[PDB]
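First structure 1, then structure 2: two forms of the same chain, each alone, as structure tokens.
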Structure 1
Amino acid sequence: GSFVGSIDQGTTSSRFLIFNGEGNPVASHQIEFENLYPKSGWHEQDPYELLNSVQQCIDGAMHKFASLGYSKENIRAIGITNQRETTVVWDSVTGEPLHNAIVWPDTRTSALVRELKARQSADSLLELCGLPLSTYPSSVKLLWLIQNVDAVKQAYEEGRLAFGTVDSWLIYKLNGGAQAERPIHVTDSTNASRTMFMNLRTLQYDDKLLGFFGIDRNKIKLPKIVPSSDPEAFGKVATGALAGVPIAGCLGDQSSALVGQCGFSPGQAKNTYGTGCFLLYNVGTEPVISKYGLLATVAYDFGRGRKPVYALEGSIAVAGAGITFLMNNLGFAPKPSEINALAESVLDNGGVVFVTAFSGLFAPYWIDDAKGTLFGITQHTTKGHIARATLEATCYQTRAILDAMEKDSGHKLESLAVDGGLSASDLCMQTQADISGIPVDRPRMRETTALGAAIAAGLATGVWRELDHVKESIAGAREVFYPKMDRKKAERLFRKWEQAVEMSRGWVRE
């Protein structure tokens, strides 16, 4: 038949997958690449490590695709999904990087954020772009680069400086960056919504936003904002095993995950578990500015006359990191599987609640003076109770964020899909269904984020006619966990958690 490829360029690993018409992979290749931490809190990557990682996964996956009897001519199109915010700067003329890419967790911008928050109009940014000032957005990373690296400052003033998120860099280079007929310098609405340069409501660059950061549109090269699904805006792969294959899809990774879960209606949510959590909440065609510190962002922009769809986003710092803490810091067990086994070994949390505020707590609590705080310990408390409480902590915080999304949105939570990391813990996802009072859907096909980009590319090139056809086609280990806990009991457990959170604030003094 006909297949769709997906480049999934992540924070620590790259991937290329080839999906069939029902969204199941037939060929895959993964590579872990090098992350650089020059100074403390600094996080960098060689942009060519990102591109070459990807090119190696293309070569590997296509080597098997061939063993299956297929070639690039069997690939209708490829989509791209990427770690968001990570900032790349390159020379418009050479097409070469002027500095390393600054990865989204990088904290070098700390001081620069404090100054920008003091500036006039800082209060207006949230309503314009959907995000508040912080170290994460590409805006502060790009401005920091220009202010602290003389190559990129020089480049900026000479008019040769090009900016891009990872999607733009990959698409730019894959088309044969600079030395190419019709060079492709673009970014999709989801990725562009993460810079703080784009008006969330118009999906176009906003001069009041760019003006605040001091970036002149006439002097830097910004990627053209295009839909997440387009038959031509992204061009094609120039050389290699995919030479001549069109790129037709592009989505920020967390948005791509929502698409991979078919979260297309208002109130449909996804949670992706890793070290922490990234939750996205489909809010429909009108953006929602949060009153609870949630981010307003684009879910997907599939064009074809259809309105762009927005989302509310929240994140949790400690999910898998809590299991890691139990395994390494406390030595409970040497494998995460065995941590779950300990949690399953006991019937309940034993009264234990673990407010996993290692670095304080964020949305909807925003408690900066709590640390990790463990309540309910008695002589009868064993490793299993603490393991359970650690899994429960992520479920409570997930509910707290979803509860805020409901209030922000006005849309009742209609469904929750989970992928990655701790979602593999049957106990944890069963606990999530119990606590939130909603079924929890876990796809057996695990590459949800990669599939989102394939869906985007497939829609642009008639692999799928519409979004209803995507759902029906994708829907053709346990997969759905249904609430089994007495509601009165779920509410008591959630109130005990919220009690513990409140009792945790004010620990830290300065």
Structure 2
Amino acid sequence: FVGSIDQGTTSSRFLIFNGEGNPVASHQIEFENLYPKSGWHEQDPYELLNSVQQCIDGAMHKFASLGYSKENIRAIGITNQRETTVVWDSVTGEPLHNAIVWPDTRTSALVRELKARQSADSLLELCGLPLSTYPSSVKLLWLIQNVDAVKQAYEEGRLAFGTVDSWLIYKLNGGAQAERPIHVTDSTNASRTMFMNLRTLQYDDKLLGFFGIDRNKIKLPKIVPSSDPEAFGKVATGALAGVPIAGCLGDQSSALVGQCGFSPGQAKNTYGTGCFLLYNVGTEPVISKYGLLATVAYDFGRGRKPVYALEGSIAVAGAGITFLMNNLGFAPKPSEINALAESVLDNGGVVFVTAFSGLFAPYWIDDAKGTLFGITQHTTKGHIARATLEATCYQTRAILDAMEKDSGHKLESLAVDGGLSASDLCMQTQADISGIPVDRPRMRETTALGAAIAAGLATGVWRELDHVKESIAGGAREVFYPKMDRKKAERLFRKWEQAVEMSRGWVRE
């Protein structure tokens, strides 16, 4: 009845859902990347554009294998990797260069000079973001500045910029060769560029004046809401041709919607090499005083007000496990690392400050390295494994507490997906440390369900939010509850904060 496009960094895919949130079709084909110098990442635009409509042609032929068709489906939404900068010609509808994916770090030079300018300190309170290498403001500028090929398209009047969501929507309505050429972005992606006032949801002339981008010389994408039938046009050519595009959400905002994290204080944590945390702060935007990112969680328009969020990341969660295995020869497999941590009753007094490349929000300690405290002849691999897992939960709490202070709303729930969210012990400890229930849903493609939720509300599939989350019932092991005395959990977190402070100042030059 509804469906979803989930294009990202490694791959595309196209799932199609029902009124209960159950995915009844999928098709996913990968694609590879370049590293043409340390810190450089690129991607020919058409590759993933073609990648995605390759997915829909197979995904939707399987779809009809049980007698369903487009006429049975109302609209489709889009969720996409963020911060990726694309550039093309007003005239052609064709790339005037290749793309700069978010991992790229060629802008470091540019960022360090931008950070010097006097009015660089006024940006954060307006776009909600720190000057960095990920934002699209600097990827685009670097090209206007450095690139030999298409500085003139800026100068001549024929250049158009877009995030991935816009490029897809562009050609999927018929490129420049269509009745109504659709060149737009949703709020959750434009919050990433550093061109948008977070309070206005509209391009700010002060932020463009900082980077020197003249709107008369460049064609930017019209910012629209994440749920709208008219504004995303329709699908140009394919099995879904003529079906309305009605959804668009950035990568990690869409996941929150799929988990139905619609209330202030609701957070989610995605584990991996590290963590990525997202915190729903409500209808009023919040600028972090702790180095966290402020973004748009979702903008369903339709009369309702936009909901914002705070963003936080941790460099080391799963890397801590790999370290104990490959670097220390504890075990040759991650499961056995949990077994070594369920080995022992407690951390034995051990604390592992996993600051391999320093520490980040909320601490911001650049002169620390990995530091292991509390070792005795009684310490064993179990204790160190247990502490390594605890390091992840302490840094999670530290950020969540920071978003509590930033936002003025206390934490109410946390949902978690990712390799180390599989550790029952790790997830139980988070509930003990955070004093709040830790949710772990079986459903996997949350990040694509959000784009479909948005398209559905635009089209009457779901009446409201309170309705979206009643429909999902259709689709220890799912929820972990605080079992430790609140006093013992404060004691653990205090030894950890103590260890962090005593880690400061290791690297002297």
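We call the rigid core the largest set of C-alpha positions that still match within 1.5 Å between the two forms. When a residue number appears, read it as a position in the sequence of structure 1, where counting begins at 1.
When both forms sit on the same rigid core, the CA shifts between structure 1 and structure 2 reach 2 angstroms or more only at 276 out of 246, 284, 276, 303. In the core-superposed comparison between structure 1 and structure 2, residue 117 has its Cα shifted by less than 2 Å. Positional change of residue 12 between structure 1 and structure 2 stays under 2 Å at the C-alpha, relative to the superposed core.
Once the rigid core is used as the reference frame, the Cα position of residue 22 differs between structure 1 and structure 2 by less than 2 Å. When the core is overlaid, the C-alpha of residue 31 ends up 1.0 Å from its other position between structure 1 and structure 2. Comparing between structure 1 and structure 2 on a rigid core frame, one finds that residue 191 has its C-alpha moved by 0.4 Å.
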